[PDB]
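Asks: Okay, handing you the structure first.
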Amino acid sequence: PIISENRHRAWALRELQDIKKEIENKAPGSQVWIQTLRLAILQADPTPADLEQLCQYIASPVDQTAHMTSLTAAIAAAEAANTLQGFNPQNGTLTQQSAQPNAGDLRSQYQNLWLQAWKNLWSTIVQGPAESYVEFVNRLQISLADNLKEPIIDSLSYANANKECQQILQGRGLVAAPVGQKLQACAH
Amino acid sequence: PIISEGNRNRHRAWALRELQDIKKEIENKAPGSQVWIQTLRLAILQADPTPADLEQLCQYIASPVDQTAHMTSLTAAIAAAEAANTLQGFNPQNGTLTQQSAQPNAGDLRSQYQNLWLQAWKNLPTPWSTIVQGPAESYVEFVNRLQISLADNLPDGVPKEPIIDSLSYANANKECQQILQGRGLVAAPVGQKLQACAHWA
Amino acid sequence: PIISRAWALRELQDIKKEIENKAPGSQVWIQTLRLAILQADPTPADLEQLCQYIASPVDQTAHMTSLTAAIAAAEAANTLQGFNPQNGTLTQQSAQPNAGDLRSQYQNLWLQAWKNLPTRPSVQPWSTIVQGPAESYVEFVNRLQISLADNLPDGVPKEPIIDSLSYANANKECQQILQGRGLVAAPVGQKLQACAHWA
Amino acid sequence: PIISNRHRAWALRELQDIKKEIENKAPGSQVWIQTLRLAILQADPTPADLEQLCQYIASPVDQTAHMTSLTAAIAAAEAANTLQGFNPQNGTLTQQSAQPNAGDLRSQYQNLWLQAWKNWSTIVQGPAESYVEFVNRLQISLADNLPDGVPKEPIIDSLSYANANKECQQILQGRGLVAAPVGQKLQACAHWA
Amino acid sequence: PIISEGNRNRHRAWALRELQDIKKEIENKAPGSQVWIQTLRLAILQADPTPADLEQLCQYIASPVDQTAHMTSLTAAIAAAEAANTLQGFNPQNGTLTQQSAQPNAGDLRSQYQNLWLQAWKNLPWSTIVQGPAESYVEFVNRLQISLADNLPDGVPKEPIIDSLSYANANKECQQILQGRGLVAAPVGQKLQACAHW
Amino acid sequence: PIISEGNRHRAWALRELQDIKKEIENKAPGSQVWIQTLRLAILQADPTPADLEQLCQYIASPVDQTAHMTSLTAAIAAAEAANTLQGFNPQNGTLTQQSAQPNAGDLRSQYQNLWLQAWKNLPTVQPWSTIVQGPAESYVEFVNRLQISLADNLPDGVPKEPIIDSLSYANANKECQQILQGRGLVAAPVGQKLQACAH
């Protein structure tokens, strides 16, 4: 944990115990799982070290190790692809760079991947004949928010809809409307 | 949450218990029910939260379905507010509304932001005036259904005061009606209608 | 809450939990409430907030009426100490922080308003409490005092009443003692210590 | 509660906390008394605050019984003028001690408040009861039942010998401890079979 | 408790929470046992309590009987301490030890007091420990140190005693081993290592 | 426990210890969880040798304390002899002594680690070079045992990475080796090695 005043302090156990219980009965990489962790991070603004500590309190060693793996995979890809905003390899690895209290700009990015590492072990996936439009949109925004939105969402919301609701969105010709207006229609 | 310090304010993250408390508080409330909505409004006063903090709440409190549904009506009303120009003091140049209210110093706009957010819960998919007092329903019980239903349902530009006072009589059974006739409280605010009819069997 | 601010939820959480199992307008109920306020020091605004967390909307409604009634009634009677109607209504005046003395009085009527409004029971006939052939004087007084603290007309001073019913509703046995020592008119507490021992 | 010339209101939790520990004790049980004796030290509470306590903690009967016995001893104390530093000119006992600055007097009020929760000896050591167990029951009953102004210690020192079973009375003769403070009596019979 | 706050030495009253916890922790302990005494030692170090605080403790944690036995042996140790003058720095003219040590600035004496207060739990109302033909070595060892930690007399160093009895009191099987390795005089920590096998 | 302000010692809070005990309550002495549980505590408090000695007693039975004190003082001797003690000057007292000072953080830090390790060495775990993939063991588990055995048994100053990277292939069975050969990852960071044999 880093305290902007930016000084690091180690974890309080109370902090950790709370999180475990919250997540206690959730599946690894499951959205609720991901949602639970996401909050804790925001509270603390933690270092990679702190994060590795996390793998250990919450995950089976297998799952930890598996995580260690998918993590570094995601790491190199960002590093290699220069998709890392502000990454200069000259100063050490990201894990080396992100350990810095002031490096909120970089640390933030590291934090994102760490979760993403949990999402591992959208245009393919489509709405079933009787799946509710709203939940269909739910799944859609799930997978998209992962990658990357609006024009895209507003597009796929129709494009990827089933025969029934398509006929409906056509009915008012909201085919090009923002997903928000499309939702209201198929609610019935 | 934004915290008062100097003439500058500082932002603070959630405490999990803070979040848990509200969840516990709201756990058994209906989405968009007044108790649901009022529960939150007070919470807002506590933190004076930025747009981010609020969304975080959706995840903690709402079924994923409800989470999406609210966001929908939300982004919609923003535009409507801009389009109708009901937004006091907004310059799109300084970012969208979502961006500006995140600032510790930008409380008035955040104040406005907080308001719309609440209202978006009445737009959820999850008849108020059809309710009448049964032959065996206590007036207080009758009045209960009535008041819940309005605060739940009645349109916004519409004053509850004149209506409540009116329907409290109109929609009563013969039994309770004759009494109000008896003292001529047909037109009194319902609270005085209440005072009278509380003992009936 | 006014300090030398908005609500704490936990504050709200505790009170519910603490009182939840208490009756509307009941004595234990009123007390559970009376306590929270001092801890917080709330405005007319904060109080309306309270109604909603704890009370059904009907009950919310009824209170507003008897309150405003007592307000006029208290003011008209000039029992209200120091009130100058000129600086705004009572509801208006009480919001400024340095005005602690006046804010204190607003709070009181709010409490009183919970008595005998739509809690009123079919179980109601208070003062019917009598000491059973085998009920202890000490609990008997308890039951009595409970019924009274729940049910009494307002213009009626409680003090003289308590000291009285303690003799009147007592059974055959205990009345004689009070005669025996001549304690029939004594404050009940004195009636208690003397009959505290009887079987 | 008074914290460092300024008064503080109660916290619900404080009150919630206290209720919970005392939950199963009887008024005037020593445990009852010790429980309360502690909070006063923690808070330094006013007459109002105490009166509030009656209400959170006691059935209404006991509340009144107390108010009676209290104000009575108050008078009895002032009448006996055992009341140190009180000027009736500056207000009543009940009124004056409410001042944060009036600590000496507030303290005396509090004791009485304790003493007021006031309103036996048949307990004996069985032929097969351990002396220590016997001794416990004794202090339990004694710490509970006392005439005011009547010292427990000399009373204690007495029954410790008197009410023991056959075996142990004999022991105190042997060492000559019949009148000795009980702490010195325990020392000997701690070993008995 | 005495709280250092901004260079003030200020006494603070107990928190019930503070009292409740200590009880909760100690609840299932035997009176005057090492674990009991150690448990208290921690509390004392956390709070730095006055004689007043300390008596109050007897009452929450101890039966009325055990409290009295304590007050007794305590006031006794006070005298012996004065008599042996193991008591460093006390001037009786400014009040009794009980009296002076209640003062916040008086840290040295209160320490000695607390110490005596602790020791007082020993004396209130042991080498027979042996290993059965079928008893695990470790448990035997455990049993031993327990007893020593509870019943050994003061001024007497435990270590040389421990190192000795760990061999002396073992059964044939394990004795043959300590002889076998010649660990007969070794610190017990070294004796432990070998008999883990039998 | 030491408090940092731009560094004063303070004693334990009982709650602190209880937290630790309750969390650690159901673990075997020296088990990784045990070890992990401890490693964090150190981080939270930065406790002195004295404090730690206090800690043994709260969590450990009297036998385990001695076994600990024994191997501890031993590892101390082994490390000093090896001069793996970074910054240690013997003239100013033992490691147990200097590191009790708030400013002697580097050395105490060195002290704290050993204290942990001694529970590993508890005379009351598989040697990593013995860890091999059985004829029928899943790759993922082999690696796991490996990393455990390593974190448990790796010598200091020795970087794990190349080691991890090396043995991960070497110690695989004939079956999985063909697979690793098949795609050619023998020199790859281990993370890339796991991905393949999942199949």
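Going through the structure tokens in order, the chains are called A, B, and so on, while each chain numbers its residues from 1 and the ligands are numbered from 1 in the order shown.
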Given only C-alpha atoms, how would the per-residue table for chain B near chain A read, listing every residue at most 7 Å away with its closest atom pair and distance in Å to one decimal, sorted by chain and number, as a Markdown table?
Replies:
| residue | atom | partner | partner_atom | distance |
| --- | --- | --- | --- | --- |
| B:13 | CA | A:43 | CA | 5.2 |
| B:14 | CA | A:43 | CA | 6.3 |
| B:65 | CA | A:135 | CA | 5.8 |
| B:68 | CA | A:138 | CA | 6.3 |
| B:72 | CA | A:180 | CA | 4.8 |
| B:73 | CA | A:180 | CA | 6.7 |
| B:76 | CA | A:180 | CA | 6.7 |
Asks: I need the contact residues of chain E against chain D, so if you could list those with any atom within 8 Å, counting only C-alpha atoms, and return them as a count of residues only, that would help.
Replies: 11
Asks: Restricting the calculation to only C-alpha atoms: of B:118, B:109, B:79, B:74, which residue gets closest to residue 32 of chain B?
Replies: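 Using only C-alpha atoms, the shortest distance to residue 32 of chain B belongs to B:118.
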Asks: Residues of chain B near chain C: apply a cut-off of 6 Å, count only C-alpha atoms, and supply the list as a count of residues only.
Replies: 4
Asks: For atom CA of residue 192 of chain C and atom CA of residue 65 of chain D, quote the distance in Å rounded to one decimal.
Replies: 6.8 Å
Asks: Taking only C-alpha atoms into account, which residues of chain F are within 6 Å of chain A, as a count of residues only?
Replies: 3
Asks: Identify all residues of segment 45-153 of chain F in helix (DSSP H, G or I) (DSSP on the backbone) and supply them as a count of residues only.
Replies: 74
Asks: Mind listing as a PyMOL selection string which residues of chain E are within 12 Å of chain F, counting only C-alpha atoms?
Replies: chain E and resi 3-4+17-26+34-48+136-150+159+162-163+166+186-197
Asks: Excluding segment 147-153 of chain F and any residue of its chain fewer than 4 positions from it, enumerate the residues within 9 Å of it, using only C-alpha atoms, and give them as a ChimeraX atom specification.
Replies: /A:61,65 /F:32,117,120,125-129,131,142-143,160,164
Asks: Store the residues of this selection in a file with C-alpha atoms, as an mmCIF file, in the first residue's frame.
Replies:
data_model
loop_
_atom_site.group_PDB
_atom_site.id
_atom_site.type_symbol
_atom_site.label_atom_id
_atom_site.label_comp_id
_atom_site.auth_asym_id
_atom_site.auth_seq_id
_atom_site.Cartn_x
_atom_site.Cartn_y
_atom_site.Cartn_z
ATOM 1 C CA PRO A 61 -0.732 -22.949 -5.601
ATOM 2 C CA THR A 65 1.406 -20.767 -10.601
ATOM 3 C CA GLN F 32 3.899 -23.118 4.183
ATOM 4 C CA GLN F 117 13.524 -20.226 8.324
ATOM 5 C CA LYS F 120 11.320 -24.734 8.403
ATOM 6 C CA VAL F 125 9.376 -30.286 2.498
ATOM 7 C CA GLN F 126 10.737 -32.531 -0.253
ATOM 8 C CA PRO F 127 14.339 -31.675 -1.186
ATOM 9 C CA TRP F 128 13.955 -29.863 -4.460
ATOM 10 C CA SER F 129 16.618 -31.690 -6.389
ATOM 11 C CA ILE F 131 11.571 -33.660 -7.126
ATOM 12 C CA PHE F 142 5.302 -31.394 -10.935
ATOM 13 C CA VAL F 143 6.051 -27.712 -11.303
ATOM 14 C CA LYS F 160 15.736 -18.935 -8.965
ATOM 15 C CA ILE F 164 13.481 -22.877 -12.432
#
Asks: Please provide the set of residues having any atom within 10 Å of residue 96 of chain A, restricted to only C-alpha atoms, with same-chain residues fewer than 3 positions apart removed, written as a short mmCIF file (atom, residue, chain, number, x, y, z; two decimals) with C-alpha atoms, in the first residue's frame.
Replies:
data_model
loop_
_atom_site.label_atom_id
_atom_site.label_comp_id
_atom_site.auth_asym_id
_atom_site.auth_seq_id
_atom_site.Cartn_x
_atom_site.Cartn_y
_atom_site.Cartn_z
CA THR A 47 3.03 -2.97 -5.49
CA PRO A 48 3.74 -6.09 -7.61
CA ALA A 49 5.18 -7.60 -4.47
CA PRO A 89 12.77 -1.25 -20.94
CA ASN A 91 15.01 0.98 -16.48
CA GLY A 92 14.25 -2.66 -15.78
CA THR A 93 11.19 -4.83 -16.29
CA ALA A 99 7.36 -1.21 -7.70
CA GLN A 100 7.82 2.58 -7.47
#
